[PDB]
Amino acid sequence: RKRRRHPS
Amino acid sequence: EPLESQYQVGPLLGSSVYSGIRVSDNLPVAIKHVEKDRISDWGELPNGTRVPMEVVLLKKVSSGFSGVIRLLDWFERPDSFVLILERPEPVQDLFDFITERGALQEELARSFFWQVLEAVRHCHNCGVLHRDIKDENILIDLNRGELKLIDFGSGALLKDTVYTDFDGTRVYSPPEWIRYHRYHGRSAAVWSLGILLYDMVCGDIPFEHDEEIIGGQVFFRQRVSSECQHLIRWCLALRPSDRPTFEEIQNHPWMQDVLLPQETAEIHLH
Ligand SMILES: NCCCNC(=O)c1ccc(-c2cccc3sc(C(=O)O)cc23)s1
């Protein structure tokens, strides 16, 4: 449960 | 007319995008650099000039409706293209805003989601499919309470036929993409808008892994109204044809009595 950015 | 004279270049923002200012009137701009060697999709302008699809897509949506960051100018260089974009200040991206605020009040989420819906309808009406709708690709103008879409670099011309390529964010991509490497534009957009709405009212996206995406199970970690849970589950229907239209989303009972952008700023941002 770590909120994180996700690459595109 | 050289780029180096028309604009004053400040510090980085992320990546390769720089803060900048247009000299002819001190307008805040963003200056985005793209390496020619990293571009996959190339369009043509009327001129015939071979450009990145991103420039083609930005020109089609930059018509004056303010729900998209507008391309103000662009330039070609030997190994790169340079995009001049508008820069609201003060500004925060929706990813950082949700990270700091946690789960949003439904009233705020309703205003934000509504504006994203109007912006995506705008793109569709202009023949553009964004293909990377997520909190990271949404800027909040904190004084005006206006949301603005950014990064059309995974974008495409909107078609009614099947897509078999995708360079967008995997955790916002629909089950049909995970399973079959196929999707239709509208139906995939509605899936990603389901992920975004969950993100807003629960404080993070619902799915991290392929199994969860194809699983067809949405657990609420946060108190969310029955009407909001119903809309989210409808956008996250496993069968594309079971997903709502943009019309059905905006006619949904949860979507009624939306705040104006200024109201939203006064109550929630100022
Ligand atoms: N080439 C691969 C990299 C892809 N990156 C992009 O497309 C962009 C990154 C952010 C953009 C942006 C655009 C306009 C204004 C502002 S202000 C602001 C902020 O974070 O504060 C950022 C922006 S566009």
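For ligands, and for the atoms within them, numbers begin at 1 and follow the listed sequence. In what follows, chains are A, B, ... by sequence order, proteins preceding strands, each numbered from 1.
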Practice prompt. Apply side-chain hydrogen bond (donor to acceptor under 3.5 Å, both in side chains) to the pair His268(B) and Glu107(B), showing each step before the final yes or no.
Written response: CA-CA 9 Å; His268(B) 294 286; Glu107(B) 173 170 273; 3.0 Å; yes
Below 3.5 angstrom, do we get any N/O pair linking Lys32(B) and ligand 1?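 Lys32(B) vs ligand 1: N/O contact under 3.5 Å present.
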Honestly, for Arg38(B) the part within reach of ligand 1 (heavy atoms, under 4.0 Å) is neither
One finds that the ligand 1 atoms under 4.0 Å from a non-hydrogen atom of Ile150(B) are 10 (C), 11 (C), 13 (C)
* To do: Check if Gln92(B) has a non-hydrogen atom at a distance under 4.0 Å from any atom of ligand 1.
  =>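 Not so, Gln92(B) does not reach ligand 1.
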Partner of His33(B) under ring-ring contact (aromatic ring centres under 6.0 Å, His included), picked from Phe75(B), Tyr18(B), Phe81(B), is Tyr18(B)
Going by atom types only, do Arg121(B) and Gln250(B) share a side-chain donor-acceptor pair under 3.5 Å? yes
Note: ligand 1 atoms sitting under 4.0 Å from heavy atoms of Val17(B) are 8 (C), 9 (C)
(Q) Which of the numbered atoms in ligand 1 are under 4.0 angstrom from any heavy atom belonging to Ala30(B)? (A)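 By the 4.0 Å cutoff, the relevant atoms are 14 (C), 15 (C).
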For the pair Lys159(B) (side chain) and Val162(B) (backbone), establish whether a donor and an acceptor sit closer than 3.5 Å, ignoring hydrogens and angles. yes
ask   = Is the closest protein non-hydrogen atom to atom 1 (N) of ligand 1 under 4.0 Å?
value = yes
Looking only at heavy atoms, the pair that brings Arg5(A) and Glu136(B) closest together is NH1-OE1, 3.0 Å
Review point. Which ligand 1 atoms does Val91(B) reach within 4.0 Å, using its non-hydrogen atoms?
Key: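 Listed by number with element: 21 (O).
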### Query
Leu139(B) heavy atoms, cut-off 4.0 Å: which ligand 1 atoms fall inside?
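Atoms satisfying the 4.0 Å criterion: 15 (C), 16 (C), 17 (S), 23 (C).
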- Query: Which word best sums up how the rings of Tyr183(B) and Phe166(B) line up, parallel for under 30°, tilted for 30 to 60°, or perpendicular for over 60°?
  - Reply: perpendicular
Test side-chain hydrogen bond (donor to acceptor under 3.5 Å, both in side chains) applied to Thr169(B) and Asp132(B), step by step:
CA-CA 6 Å; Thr169(B) 304; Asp132(B) 202 11; 2.7 Å; yes
(message) I'd like to check which ligand 1 atoms, numbered from 1 as shown, lie under 4.0 Å from a non-hydrogen atom of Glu86(B).
(response)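 Taking each heavy atom of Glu86(B) in turn, ligand 1 has 14 (C), 15 (C) under 4.0 Å.
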